[PDB]
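Chemist: Just passing along the structure, written as structure tokens.
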Amino acid sequence: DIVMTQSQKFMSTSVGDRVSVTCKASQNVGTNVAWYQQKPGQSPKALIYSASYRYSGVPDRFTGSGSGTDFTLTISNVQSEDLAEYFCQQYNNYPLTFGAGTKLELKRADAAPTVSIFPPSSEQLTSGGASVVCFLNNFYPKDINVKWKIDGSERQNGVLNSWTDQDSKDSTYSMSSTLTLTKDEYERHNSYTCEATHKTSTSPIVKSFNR
Amino acid sequence: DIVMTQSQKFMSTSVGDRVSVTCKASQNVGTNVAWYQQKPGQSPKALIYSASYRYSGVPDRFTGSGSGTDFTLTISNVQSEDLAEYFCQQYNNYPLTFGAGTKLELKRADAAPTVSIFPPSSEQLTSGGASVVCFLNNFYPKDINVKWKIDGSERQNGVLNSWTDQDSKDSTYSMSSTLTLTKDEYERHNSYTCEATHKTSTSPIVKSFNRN
Amino acid sequence: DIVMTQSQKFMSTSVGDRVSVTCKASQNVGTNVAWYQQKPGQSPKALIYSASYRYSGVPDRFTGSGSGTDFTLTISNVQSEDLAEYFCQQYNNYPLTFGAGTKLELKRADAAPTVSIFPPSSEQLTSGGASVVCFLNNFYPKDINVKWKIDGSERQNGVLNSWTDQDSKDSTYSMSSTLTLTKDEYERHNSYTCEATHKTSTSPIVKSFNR
Amino acid sequence: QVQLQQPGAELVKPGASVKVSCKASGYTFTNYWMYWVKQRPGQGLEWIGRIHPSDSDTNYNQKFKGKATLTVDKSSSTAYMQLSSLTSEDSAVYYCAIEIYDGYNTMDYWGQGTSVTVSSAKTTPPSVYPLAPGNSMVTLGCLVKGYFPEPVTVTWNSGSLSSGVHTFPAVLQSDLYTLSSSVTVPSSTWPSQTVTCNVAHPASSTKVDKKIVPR
Amino acid sequence: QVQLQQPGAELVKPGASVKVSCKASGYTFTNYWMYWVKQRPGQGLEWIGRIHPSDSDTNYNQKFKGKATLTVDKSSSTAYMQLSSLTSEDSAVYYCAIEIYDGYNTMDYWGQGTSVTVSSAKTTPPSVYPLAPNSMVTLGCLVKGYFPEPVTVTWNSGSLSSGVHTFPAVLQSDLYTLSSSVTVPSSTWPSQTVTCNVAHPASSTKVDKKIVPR
């Protein structure tokens with residue numbers, strides 16, 4: 001089949017600036033090239049058809065160029081709402097083939113996380129389980145270390161970590177960390193500490209509670 | 001496909017007497033019929049070939065007869081060692097087909113069960129679980145009812161019951177009942193009782209222990 | 001004995017196309033391999049001997065290849081009259097052994113059944129019995145459902161169905177459904193109905209008669 | 001309005017088959033090609049095939065030859081893609097989509113996508129737990145624990161509360177999925193007003209509204 | 001001596017394939033038909049097919065026509081039954097068997113049978129627990145939470161056989177559990193060591209658990 005390359009897996013820029021994506025086709029696909037946008041959790045959205053023509057509702061900021069084998073998608077005046085994965089696709093020959101996809105990244109200043117800790121709810125305790133949840137919201141860059149302490153001893157098991165994609169409002173990152181214990185194990189200890197280590201400070205951000 | 005229909009799912013006699021199991025073939029198979037004995041947990045054992053001829057090592061107490069469609073396997077001087085499921089088979093037509101199987105049963109006098117209770121081992125308590133085991137050995141008939149009581153309250157969940165087949169020595173039955181709790185639940189209560197209701201007594205047999 | 005395994009039990013193709021059936025021997029039989037064709041209700045007809053030589057009268061559309069273990073019969077320009085079962089046989093070692101056989105199936109467009117109902121004849125009514133017959137002819141694919149109603153109530157007992165093999169002229173299927181009752185039972189009711197349900201059916205095909 | 005309605009999730013045992021539906025409405029069904037796209041988790045887009053509901057003409061991708069079969073039902077204006085002999089590699093989101101050029105503008109319309117999960121596990125509905133605190137703003141949360149299969153939809157106050165919301169991607173652990181969601185609101189909003197976490201799990205027909213109650 | 005050796009258990013995921021082996025020894029491999037039999041848990045016996053290792057001549061049951069494939073390897077005197085596209089229906093014990101008539105007597109020889117379990121769950125070795133408490137005393141052994149079948153239980157390496165009750169395994173929440181009791185004279189325990197020997201071939205597990213008075 002015809003192969004659409006897209007050499008870059010990630011593209012970076014700042015809010016208000018511009019970015020571009022190349023797409024290399026293994027053979028001549030004329031101008032029968034389309035560009036799609038996919039935000040996380042949503043269906044793909046067609047941006048460009050026929051190499052350079054926009055679909056209805058696609059703003060001027062998205063411009064497609066190229067013919068033959070070298071096609072480029074250019075996004076100007078980039079805003080945080082443009083955070084998505086972008087695919088090229090040829091429809092000049094069958095079967096229809098897509099590019100690997102290029103995800104947009106937005107550079108910005110560092111930001112320390114706002115950390116919040118939540119004890120197990122009374123409802124969960126009736127189920128025999130006990131989850132302690134620690135939210136780490138709106139930090140940058142995405143790299144962050146989180147540790148759990150139970151009465152001074154570290155626990156690195158039964159922890160479920162999940163990171164959001166880059167925030168569509170302020171380009172920051174957020175992280176949820178869940179320490180799950182049995183109700184008996186939970187009631188056999190007092191202090192439950194959540195420690196966040198981020199490059200914004202050498203001192204960890206500490207949130208704790210005594211049950 | 002020829003169907004081999006064994007009339008009875010179970011055949012009953014006393015120790016020393018004789019039983020017989022019949023097998024009906026849908027079409028004529030002449031004498032190309034075999035019989036097999038399968039004890040619990042073992043591979044089948046061929047007893048009869050050509051409807052009436054015995055394999056080497058099969059005692060003469062096992063006698064096969066019949067030709068055409070009606071075949072019979074007779075076991076004389078039945079002993080507790082003969083407790084098994086017995087199958088007929090035809091090798092006259094392809095595909096070879098077996099009978100559904102007839103399980104031998106033995107009548108005997110009633111027998112009250114010997115009941116033994118066991119608290120959770122210290123080994124299991126380190127794993128967070130706690131199983132209380134109740135053994136009910138060597139009773140007859142097989143019908144029995146077991147209840148678990150925790151400080152007087154009946155627990156009919158988290159219970160695992162298992163029945164043995166009829167004993168190959170005294171033709172009795174045995175039961176194992178295991179109540180599994182978490183270690184927290186186990187330490188939240190004191191009295192653990194295994195209650196057995198059997199035909200041999202209008203009053204239930206009660207084995208208990210206090211964790212105290 | 002030598003095993004001649006025909007991997008495919010069926011072989012689907014369309015009229016005019018070319019089909020190939022394979023036959024693998026458990027041991028080396030050289031070229032001492034024959035192919036046979038058996039149409040329904042007929043004696044087998046020898047097609048190929050010496051793995052590749054045709055019997056007199058066999059059209060050149062039937063070709064055979066292979067030496068040693070792997071053998072293949074190929075039918076070019078497949079006709080609707082070619083619907084049959086095809087066997088491979090080795091005669092290099094005794095006893096001679098046949099393959100399990102491969103049935104030729106023909107593909108075609110869908111076709112609705114032509115349904116005809118017939119009341120019990122006056123000759124059969126003098127015998128004490130009564131058989132109602134419904135023909136469902138020249139339909140495709142072969143899956144079809146028939147429901148018998150007596151005075152609007154579904155009847156299941158006493159129904160015997162029979163399906164023909166694929167028609168040697170148009171590659172369709174046919175089925176006959178016969179409801180047999182006693183003459184007294186047949187005269188206890190009035191309306192008799194056979195309902196045909198098929199892939200082509202947007203609604204059942206209902207044919208009825210009133211005694 | 002032009003719409004393409006697709007079911008949320010389909011849980012099918014390995015080796016079995018499934019039929020994914022795409023109900024069209026608001027336009028002439030038989031006037032536009034219907035495209036089908038497959039997207040495995042964390043992967044890219046793959047073209048399955050297309051079909052024209054007028055005459056059921058199809059263009060297939062050879063990769064999905066014996067795997068996918070496209071059909072249409074013009075009486076219901078519904079397109080179907082049947083997947084057969086299901087394996088783990090078939091677990092993905094399946095989109096139906098059309099492209100309309102009305103002589104003035106070119107618009108694309110997509111279905112929501114059907115999350116087909118191939119597994120021997122059975123459905124498990126989620127256990128929704130409130131996250132209430134033990135400043136000018138307050139952060140509340142919602143723990144959606146132990147469900148299968150994907151997906152679940154989480155909204156706050158039936159979507160009326162959208163700013164300051166972070167819904168975290170689901171993590172698979174011990175054959176079960178779990179996610180969480182946080183919302184930050186003015187301190188004058190909670191606990192004075194009602195804050196409700198709305199969880200929807202279509203694979204189990206579950207809709208749970210859990211209010212974030214102060215203690 | 002004539003022997004037919006089969007592996008104890010095979011755990012195969014739904015849709016995959018498994019090949020059960022039957023290693024023969026003590027006789028001329030190519031002289032006798034090799035039969036195969038399927039027995040679902042708690043069901044009857046079903047004939048799969050037979051193969052003669054001399055020339056690999058086979059006779060299949062139509063029900064297992066595409067499912068089972070019988071082969072032999074004469075360099076190892078091993079028979080093989082391959083099952084394809086496994087489903088829950090194919091979970092059973094599979095025996096290989098031969099019949100020998102030497103001109104004097106007719107004997108049958110059977111393998112132990114391979115417990116093929118078709119499931120997406122992983123292997124779990126059992127947790128073996130001692131059951132410790134007149135003229136007799138009853139001891140026990142709890143073999144809890146294992147997968148898949150089977151497990152074998154002996155007492156004192158088989159030297160302690162009379163007075164033993166080994167209860168069939170029960171599946172409960174994806175795991176098997178069985179127990180075994182032994183009744184001995186009050187002078188045997190706790191004076192002498194009483195050992196419960198558990199083997200779980202699916203996980204290569206052999207655990208010896210002493211019934212310690214404690």
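Ordered as shown in the structure tokens, chains take letters A, B, and onward, while each chain numbers its residues from 1 and ligands are numbered from 1 in the order shown.
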For residue 150 in chain C, please output as a PyMOL selection string all residues within 12 Å (counting only C-alpha atoms; exclusion window: fewer than 6 positions along the same chain).

Modeler: chain C and resi 132+156-157+179+181+185-195+208-211

Chemist: Output C-alpha atoms of each residue in that selection to a file, as an mmCIF file, in the first residue's frame.

Modeler:
data_model
loop_
_atom_site.group_PDB
_atom_site.id
_atom_site.type_symbol
_atom_site.label_atom_id
_atom_site.label_comp_id
_atom_site.auth_asym_id
_atom_site.auth_seq_id
_atom_site.Cartn_x
_atom_site.Cartn_y
_atom_site.Cartn_z
ATOM 1 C CA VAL C 132 -50.411 -31.500 2.657
ATOM 2 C CA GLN C 156 -45.129 -28.769 14.438
ATOM 3 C CA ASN C 157 -45.846 -32.507 14.726
ATOM 4 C CA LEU C 179 -47.669 -32.125 6.766
ATOM 5 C CA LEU C 181 -52.378 -36.022 9.368
ATOM 6 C CA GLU C 185 -57.890 -34.776 11.874
ATOM 7 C CA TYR C 186 -57.603 -33.215 8.413
ATOM 8 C CA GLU C 187 -61.404 -32.888 8.370
ATOM 9 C CA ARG C 188 -61.642 -31.489 11.919
ATOM 10 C CA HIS C 189 -60.156 -28.209 10.631
ATOM 11 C CA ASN C 190 -60.540 -25.990 7.572
ATOM 12 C CA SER C 191 -57.636 -23.600 6.909
ATOM 13 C CA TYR C 192 -54.164 -24.993 6.187
ATOM 14 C CA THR C 193 -51.136 -22.763 5.752
ATOM 15 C CA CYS C 194 -47.399 -23.072 5.112
ATOM 16 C CA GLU C 195 -45.312 -19.950 5.753
ATOM 17 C CA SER C 208 -53.050 -21.459 2.119
ATOM 18 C CA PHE C 209 -56.041 -23.551 1.112
ATOM 19 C CA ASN C 210 -59.483 -23.910 2.691
ATOM 20 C CA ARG C 211 -60.899 -27.441 2.928
#

Chemist: If we count only C-alpha atoms and set the cut-off at 8 Å, which residues sit around range 37-47 of chain B, ignoring sequence neighbours fewer than 4 positions away in its own chain? Please answer as a list in words.

Modeler: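 What passes the distance filter is residues 54, 55, 58, 62, 83, 84, 85, 86, 87 and 165 of chain B; 95, 108, 110, 111, 112 and 113 of chain E.
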
Chemist: Identify, on the basis of only C-alpha atoms, every residue whose closest approach to range 192-194 of chain E does not exceed 12 Å; exclude the query and any residue fewer than 3 positions from it along the same chain; express the result as number ranges by chain.

Modeler: E: 130-132, 137-141, 154-161, 181-189, 197, 208-213

Chemist: Going by DSSP on the backbone, which bits of range 17-198 of chain D are strand (DSSP E)? Write them as a ChimeraX atom specification, please.

Modeler: /D:18-25,34-39,45-52,57-60,68-73,78-83,92-101,106-110,114-118,127-131,137-147,153-156,165-167,171-173,176-186,196-198

Chemist: Within 7 Å of range 61-68 of chain C, counting only C-alpha atoms, which residues qualify if same-chain residues fewer than 5 places away don't, as a PDB file with C-alpha atoms, in the first residue's frame?

Modeler:
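What follows is the written file part-v4.pdb:
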ATOM      1  CA  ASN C  28       5.117 -41.201  -1.276  1.00  0.00           C
ATOM      2  CA  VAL C  29       2.786 -42.604  -3.948  1.00  0.00           C
ATOM      3  CA  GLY C  30       4.675 -41.155  -6.926  1.00  0.00           C
ATOM      4  CA  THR C  31       2.073 -40.519  -9.624  1.00  0.00           C
ATOM      5  CA  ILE C  48      -7.800 -38.578 -13.953  1.00  0.00           C
ATOM      6  CA  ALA C  51      -2.062 -38.057 -11.476  1.00  0.00           C
ATOM      7  CA  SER C  52      -2.323 -36.103 -14.744  1.00  0.00           C
ATOM      8  CA  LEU C  73      -7.316 -31.404  -9.259  1.00  0.00           C
ATOM      9  CA  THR C  74      -8.194 -28.220 -11.157  1.00  0.00           C
ATOM     10  CA  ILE C  75     -11.524 -27.557 -12.887  1.00  0.00           C
ATOM     11  CA  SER C  76     -11.422 -24.645 -15.325  1.00  0.00           C
ATOM     12  CA  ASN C  77     -14.520 -22.995 -16.802  1.00  0.00           C
TER      13      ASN C  77
END

Chemist: Distance CA of residue 58 in chain E-CA of residue 1 in chain C, one decimal place?

Modeler: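 If I compute the distance from CA of residue 58 in chain E to CA of residue 1 in chain C, I get 8.7 Å.
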
Chemist: Least-squares superpose chain C onto chain A - every C-alpha atom, paired in order - and show me the moved coordinates as a compact mmCIF listing (two decimals) with C-alpha atoms, in the first residue's frame.

Modeler:
# COMPACT_ATOMS: atom_id res chain seq x y z
CA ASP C 1 -0.11 -0.10 0.02
CA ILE C 2 1.00 3.54 -0.01
CA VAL C 3 2.88 4.66 3.10
CA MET C 4 2.17 8.13 4.51
CA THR C 5 5.02 8.83 6.93
CA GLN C 6 4.78 11.64 9.48
CA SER C 7 8.42 12.12 10.47
CA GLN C 8 7.76 14.06 13.68
CA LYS C 9 5.74 12.30 16.37
CA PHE C 10 5.49 15.57 18.33
CA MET C 11 5.59 19.26 17.42
CA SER C 12 6.39 21.86 20.09
CA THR C 13 5.27 25.48 19.85
CA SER C 14 3.87 28.32 21.95
CA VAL C 15 0.43 29.92 21.92
CA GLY C 16 0.11 32.44 19.11
CA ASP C 17 3.00 30.96 17.13
CA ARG C 18 2.79 28.98 13.88
CA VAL C 19 3.57 25.27 13.56
CA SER C 20 4.07 23.08 10.50
CA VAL C 21 3.71 19.29 10.29
CA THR C 22 5.05 17.41 7.27
CA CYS C 23 3.82 14.23 5.60
CA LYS C 24 5.66 12.42 2.81
CA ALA C 25 4.03 9.86 0.52
CA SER C 26 5.86 6.81 -0.81
CA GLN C 27 4.31 7.32 -4.26
CA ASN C 28 2.81 10.19 -6.25
CA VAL C 29 -0.68 10.92 -4.92
CA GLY C 30 -1.08 14.29 -6.67
CA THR C 31 -3.34 16.38 -4.44
CA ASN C 32 -5.67 13.62 -3.15
CA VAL C 33 -4.54 14.16 0.44
CA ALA C 34 -6.60 14.94 3.54
CA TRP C 35 -5.67 16.16 7.02
CA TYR C 36 -7.57 15.22 10.19
CA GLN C 37 -7.57 16.46 13.79
CA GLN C 38 -8.42 14.28 16.79
CA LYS C 39 -8.74 15.78 20.25
CA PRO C 40 -8.60 13.35 23.20
CA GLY C 41 -11.77 11.31 23.66
CA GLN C 42 -13.33 12.67 20.46
CA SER C 43 -13.96 11.49 16.92
CA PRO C 44 -11.58 12.67 14.18
CA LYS C 45 -12.41 16.00 12.56
CA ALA C 46 -11.59 16.53 8.89
CA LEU C 47 -9.51 19.68 8.37
CA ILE C 48 -8.26 19.71 4.76
CA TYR C 49 -9.24 17.98 1.53
CA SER C 50 -7.60 18.15 -1.90
CA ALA C 51 -4.33 18.92 -0.06
CA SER C 52 -5.30 22.59 0.32
CA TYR C 53 -9.10 23.03 0.62
CA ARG C 54 -10.73 23.38 4.03
CA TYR C 55 -13.85 21.62 5.21
CA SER C 56 -16.75 23.86 6.18
CA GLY C 57 -16.22 25.43 9.59
CA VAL C 58 -12.45 24.86 9.72
CA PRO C 59 -10.79 28.19 10.63
CA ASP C 60 -8.42 29.77 8.13
CA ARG C 61 -5.58 29.19 10.62
CA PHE C 62 -5.30 25.65 9.20
CA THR C 63 -3.65 25.72 5.76
CA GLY C 64 -2.37 22.81 3.69
CA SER C 65 0.17 22.69 0.89
CA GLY C 66 1.94 20.16 -1.30
CA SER C 67 1.51 18.16 -4.50
CA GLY C 68 2.89 14.75 -5.41
CA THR C 69 4.77 13.35 -2.42
CA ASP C 70 5.58 16.14 0.08
CA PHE C 71 2.64 17.65 1.99
CA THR C 72 2.51 20.08 4.90
CA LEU C 73 -0.20 21.19 7.33
CA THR C 74 0.35 24.62 8.89
CA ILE C 75 -1.49 25.94 11.95
CA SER C 76 -1.15 29.70 12.43
CA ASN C 77 -2.08 31.53 15.63
CA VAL C 78 -1.98 28.29 17.59
CA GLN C 79 -4.54 28.08 20.39
CA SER C 80 -4.42 26.06 23.59
CA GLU C 81 -7.57 24.38 22.28
CA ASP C 82 -5.57 23.24 19.23
CA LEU C 83 -3.90 20.52 21.34
CA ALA C 84 -4.71 17.32 19.43
CA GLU C 85 -3.29 14.67 17.10
CA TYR C 86 -3.06 15.50 13.39
CA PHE C 87 -3.21 12.79 10.73
CA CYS C 88 -2.49 12.92 7.01
CA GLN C 89 -4.31 10.58 4.64
CA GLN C 90 -4.11 9.80 0.93
CA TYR C 91 -7.20 8.90 -1.08
CA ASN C 92 -5.60 8.73 -4.53
CA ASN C 93 -5.11 4.95 -4.44
CA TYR C 94 -6.94 2.19 -2.60
CA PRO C 95 -6.65 1.14 0.12
CA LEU C 96 -6.81 4.52 1.83
CA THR C 97 -3.91 4.89 4.26
CA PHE C 98 -3.45 7.22 7.23
CA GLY C 99 -0.28 8.73 8.62
CA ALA C 100 1.01 7.70 12.02
CA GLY C 101 -0.13 11.01 13.51
CA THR C 102 1.58 14.03 15.04
CA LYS C 103 0.76 15.28 18.54
CA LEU C 104 0.78 19.03 19.10
CA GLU C 105 2.69 20.06 22.23
CA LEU C 106 2.57 23.55 23.73
CA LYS C 107 5.45 25.22 25.55
CA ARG C 108 4.92 27.41 28.60
CA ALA C 109 6.59 28.53 31.81
CA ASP C 110 6.98 26.18 34.75
CA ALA C 111 4.16 25.74 37.25
CA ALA C 112 4.01 24.06 40.65
CA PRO C 113 1.29 21.46 41.29
CA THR C 114 -1.70 22.22 43.49
CA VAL C 115 -1.93 19.13 45.71
CA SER C 116 -5.15 18.02 47.42
CA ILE C 117 -5.52 14.87 49.53
CA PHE C 118 -8.77 13.00 50.17
CA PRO C 119 -9.40 10.24 52.74
CA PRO C 120 -11.52 7.18 51.90
CA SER C 121 -15.18 8.13 51.84
CA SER C 122 -17.63 6.63 54.31
CA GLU C 123 -19.49 5.05 51.39
CA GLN C 124 -16.40 3.14 50.22
CA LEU C 125 -15.57 2.00 53.76
CA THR C 126 -18.90 0.13 53.85
CA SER C 127 -17.66 -1.83 50.81
CA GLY C 128 -14.57 -3.26 52.52
CA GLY C 129 -12.00 -1.30 50.50
CA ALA C 130 -10.29 2.02 51.10
CA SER C 131 -8.78 4.36 48.49
CA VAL C 132 -6.78 7.48 49.37
CA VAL C 133 -6.65 9.98 46.51
CA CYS C 134 -4.17 12.81 45.89
CA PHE C 135 -4.67 15.30 43.06
CA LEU C 136 -1.72 17.17 41.54
CA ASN C 137 -3.24 19.71 39.17
CA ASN C 138 -1.92 22.39 36.81
CA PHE C 139 1.83 21.77 36.87
CA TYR C 140 4.50 21.98 34.16
CA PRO C 141 6.63 20.27 32.95
CA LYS C 142 4.92 16.87 33.01
CA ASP C 143 7.62 14.96 34.92
CA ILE C 144 6.65 14.56 38.58
CA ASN C 145 7.19 12.09 41.43
CA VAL C 146 4.75 10.97 44.13
CA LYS C 147 5.71 9.02 47.26
CA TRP C 148 3.15 7.45 49.60
CA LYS C 149 3.92 7.11 53.31
CA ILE C 150 1.94 5.18 55.91
CA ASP C 151 2.88 6.26 59.46
CA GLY C 152 6.11 7.71 58.09
CA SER C 153 7.06 4.54 56.17
CA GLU C 154 7.10 4.51 52.38
CA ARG C 155 4.33 2.50 50.70
CA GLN C 156 4.68 1.35 47.09
CA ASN C 157 2.15 -1.47 46.60
CA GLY C 158 -1.42 -0.57 45.73
CA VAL C 159 -0.60 2.79 44.10
CA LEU C 160 -2.09 3.56 40.68
CA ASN C 161 -1.26 6.83 38.90
CA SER C 162 -2.89 8.56 35.94
CA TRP C 163 -1.75 11.60 33.95
CA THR C 164 -3.93 13.94 31.93
CA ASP C 165 -2.95 15.32 28.56
CA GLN C 166 -2.00 18.99 28.31
CA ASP C 167 -4.87 21.15 29.52
CA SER C 168 -6.72 22.81 26.64
CA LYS C 169 -6.87 26.15 28.51
CA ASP C 170 -3.49 26.72 30.19
CA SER C 171 -1.36 23.90 28.67
CA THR C 172 -0.47 22.42 32.07
CA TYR C 173 -0.53 18.80 33.23
CA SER C 174 -2.38 17.03 36.04
CA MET C 175 -1.97 13.70 37.80
CA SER C 176 -4.02 11.66 40.27
CA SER C 177 -2.40 9.18 42.67
CA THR C 178 -4.67 6.67 44.41
CA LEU C 179 -3.53 4.38 47.23
CA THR C 180 -5.97 1.49 47.64
CA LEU C 181 -5.96 -0.69 50.76
CA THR C 182 -8.37 -2.95 52.59
CA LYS C 183 -10.53 -1.36 55.27
CA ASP C 184 -8.74 -3.42 57.92
CA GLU C 185 -5.31 -2.31 56.70
CA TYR C 186 -6.49 1.30 56.41
CA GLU C 187 -7.58 1.11 60.06
CA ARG C 188 -4.36 -0.56 61.27
CA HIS C 189 -2.54 2.77 60.74
CA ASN C 190 -3.24 6.45 61.35
CA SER C 191 -1.13 8.88 59.31
CA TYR C 192 -1.37 8.87 55.50
CA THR C 193 0.84 11.04 53.33
CA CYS C 194 1.46 11.73 49.64
CA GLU C 195 4.67 13.61 48.79
CA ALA C 196 4.97 15.42 45.45
CA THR C 197 8.39 16.14 43.95
CA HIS C 198 8.61 18.41 40.90
CA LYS C 199 11.13 20.50 38.97
CA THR C 200 9.64 23.54 40.72
CA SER C 201 10.03 21.83 44.11
CA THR C 202 12.80 23.15 46.31
CA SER C 203 11.29 20.73 48.87
CA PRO C 204 8.56 18.08 48.55
CA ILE C 205 4.90 19.07 48.72
CA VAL C 206 3.55 17.07 51.67
CA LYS C 207 -0.19 16.69 52.25
CA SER C 208 -1.37 14.35 54.99
CA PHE C 209 -4.43 13.32 56.96
CA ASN C 210 -4.77 11.53 60.30
CA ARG C 211 -7.43 8.81 60.52

Chemist: Using only C-alpha atoms, find the one residue out of E:203, E:177, E:30, E:119 that sits nearest to chain D.

Modeler: E:119

Chemist: Restrict the distance test to only C-alpha atoms, flag each residue of chain D within 7 Å of chain A, and return the flagged residues as an mmCIF file with C-alpha atoms, in the first residue's frame.

Modeler:
data_model
loop_
_atom_site.group_PDB
_atom_site.id
_atom_site.type_symbol
_atom_site.label_atom_id
_atom_site.label_comp_id
_atom_site.auth_asym_id
_atom_site.auth_seq_id
_atom_site.Cartn_x
_atom_site.Cartn_y
_atom_site.Cartn_z
ATOM 1 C CA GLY D 44 -3.604 5.516 14.881
ATOM 2 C CA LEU D 45 -6.475 5.415 12.417
ATOM 3 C CA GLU D 46 -7.063 2.553 9.979
ATOM 4 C CA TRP D 47 -9.518 2.510 7.082
ATOM 5 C CA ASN D 61 -9.203 -2.694 2.695
ATOM 6 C CA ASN D 105 -19.572 23.681 1.476
ATOM 7 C CA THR D 106 -18.033 20.321 2.361
ATOM 8 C CA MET D 107 -18.950 18.954 5.795
ATOM 9 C CA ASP D 108 -17.840 15.794 7.577
ATOM 10 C CA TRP D 110 -18.866 11.224 12.395
ATOM 11 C CA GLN D 112 -19.364 8.732 18.394
ATOM 12 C CA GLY D 113 -17.529 5.450 17.787
ATOM 13 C CA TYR D 129 -17.389 7.294 45.516
ATOM 14 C CA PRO D 130 -17.441 10.947 46.620
ATOM 15 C CA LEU D 131 -14.236 12.868 47.297
ATOM 16 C CA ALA D 132 -14.991 15.611 49.837
ATOM 17 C CA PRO D 133 -12.332 17.562 51.764
ATOM 18 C CA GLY D 134 -11.481 16.688 55.340
ATOM 19 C CA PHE D 168 -8.200 11.479 34.324
ATOM 20 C CA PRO D 169 -7.742 8.651 31.804
ATOM 21 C CA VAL D 171 -6.127 2.763 34.160
#

Chemist: Between CA of residue 200 in chain E and CA of residue 174 in chain E, what is the distance, to one decimal in Å?

Modeler: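 Value for the CA of residue 200 in chain E-CA of residue 174 in chain E distance: 16.5 Å.
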